[PDB]
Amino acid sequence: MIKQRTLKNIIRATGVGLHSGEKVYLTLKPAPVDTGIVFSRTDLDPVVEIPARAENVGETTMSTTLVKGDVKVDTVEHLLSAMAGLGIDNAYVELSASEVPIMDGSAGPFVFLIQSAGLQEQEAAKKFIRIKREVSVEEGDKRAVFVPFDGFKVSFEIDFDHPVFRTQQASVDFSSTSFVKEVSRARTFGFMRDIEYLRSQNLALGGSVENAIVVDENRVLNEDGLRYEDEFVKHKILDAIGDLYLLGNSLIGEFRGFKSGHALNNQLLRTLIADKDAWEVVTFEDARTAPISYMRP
């Protein structure tokens, strides 16, 4: 059968929080069967643990954020992206501060570390949510859609009215396209104008070229430019995938985002969980017949 994966070994990384400018020490520990992904504030006494279920999501404005009480964990999307990518079911994610470190602006550093350590299969069937019906949300000109699909695939359009905006639509089937190779390296991005305002509202305090695509009026200001033709929309997919990990079970279906953010992605989540008609849980007693598949541990 398809079995749950956890970490083989623990991983320590160090970085800054993009919004906080805070030095943050990160530790990824294996977790038991049926733990799911569980974020943890080790700097607090006692320690505060927020499962990365959708129920725990807060201010979605500048990043995806987990809350319990008046304790938050900011910017989980890139890491959850990475964990989703490699099909990790169970991990604890320890932090010395409120924000998850940004590293380079992509999932790549996270995927690296996860795979250097390696994965452990566990005597327990992986549980899957199969999309069974179109489920759609709109707000103004944004839209966000699940569509049943025998596999896992993500599509995104964006429109920025911008000299730099190269391609603004992409679609990836992850049962025939390497998440690792095609999506994981896609960096977050800010606009020159936004940044000037946000710094003077104590946001983007840890932001630099070393972890973000910086865009002028006209051009990427990053000396070494883009990792991809379509990095921006490739990053949007990355983020989308993270948000979808909050289900707390992997997805057999397709997502389509149009101009969508964390806020509308999270609405889509809630609505989907609410319409029990629209989905079902499935395990597979024979991976050679299952519609999505996995990399070697």
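For the two forms, the rigid core is made up of the largest set of C-alpha atoms that agree within 1.5 Å on superposition. Sequential numbering from 1, following the sequence displayed.
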Looking at C-alpha RMS in 4 other deposited structures of this protein with the core superposed, is it 200-208 or 74-82 that drifts more? 200-208
Say the other structures are aligned on the rigid core; which stretch then has the higher CA RMS in 4 other deposited structures of this protein, 191-199 or 149-157? 191-199
Could you tell me how many residues of the deposited sequence sit unmodelled between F165 and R166 (none, 1 to 3, 4 to 9, 10 or more)? 1 to 3
Look over 13-21 and 282-290 in the entry and identify the one with the greater average Cα temperature factor. 282-290
Would you tell me which stretch averages the higher CA B-factor in the PDB entry, 118-126 or 183-191? 118-126
Just grab whichever of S200, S208, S98, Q169 has the top CA B-factor as deposited. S200
Looking at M62, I241, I37, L272, which one carries the largest C-alpha B-factor according to the PDB entry? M62
Looking at the temperature factor on the CA atom of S106, which third of the chain's modelled residues does it land in? lowest
Looking at the entry's B-factor column for C-alpha atoms only, identify whether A52 ranks in the lowest, middle or highest third of its chain. lowest
Going by the CA temperature factor in the PDB record, which third of the chain does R219 belong to: lowest, middle or highest? highest
Lowest, middle or highest third of the chain for the C-alpha temperature factor of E196? highest
Taking the C-alpha B-factors as the PDB entry records them, is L44 in the lowest, middle or highest third of its chain? highest
